[PDB]
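Please treat every number below as a calculation from the coordinates, not as lab data. Because the Cβ atoms are built from the backbone with ideal geometry, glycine has one as well, and the counts that use them run over all protein chains shown.
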Amino acid sequence: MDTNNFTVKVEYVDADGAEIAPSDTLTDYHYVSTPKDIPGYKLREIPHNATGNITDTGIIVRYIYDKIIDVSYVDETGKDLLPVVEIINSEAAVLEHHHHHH
C-alpha cells in the first residue's frame, strides 16, 4: 500500500451545517474542488482549504451555501430586493503589543 488512502473528501453543506448535496472524494494529488448548482442554494464562501496539495489523510473540503428563498423572479415586486453585504467584525481581537527596553 503506497497511497494509504491519502485523499480529500469534499462535503457540500448549507449555512445551517447540514450537507444539502452529494459529497465527493478527491484522490488526486492536487485536490481541486468546485461548487455545485444546488436547487435553492447559493455559494456563501469557498473553504480556505478548497484547493491545494494532498499533504495529509482524512482531509475534508466543505463548501457553505446560503439558502435561496425563491429566485426573486416574481417580477410583481420590483426586481432586486436583496439587502446589502458590507464586512463587519474581525480584528476585534489582535493582542499584539511590544514594549522596548531602551
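Observations
- Beta bridges per DSSP, both residues in region 1-85: antiparallel share near 65 percent.
- Here, P(r) means the percent of Cα pairs in each 10 Å bin from 0 to the largest distance; for the chain it is 12, 29, 25, 19, 11, 4, 1, 0.
- Measuring gaps between exposed loop sites in the chain (GluC sites (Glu not before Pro); DSSP loop; at most 13 other Cβ atoms within 10 Å), the longest gap, sites not included, is 1-75.
- Using the Cβ-Cβ distance between residue 66 and residue 6 with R0 = 30 Å, the FRET efficiency computed as 1/(1 + (r/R0)^6) comes to roughly 0.40.
- For region 1-85, size of Cβ-based charge dipole, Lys and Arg +1, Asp and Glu -1, in debye: 120 debye
- Dipole of region 1-85 computed with +1 at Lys/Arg Cβ and -1 at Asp/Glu Cβ about the Cα centre; of 15, 27, 73, farthest Cα towards the positive end is 27.
- A DSSP coil position with no more than 15 other Cβ atoms inside 10 Å describes the following trypsin sites (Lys or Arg not before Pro) in region 58-102: 79.
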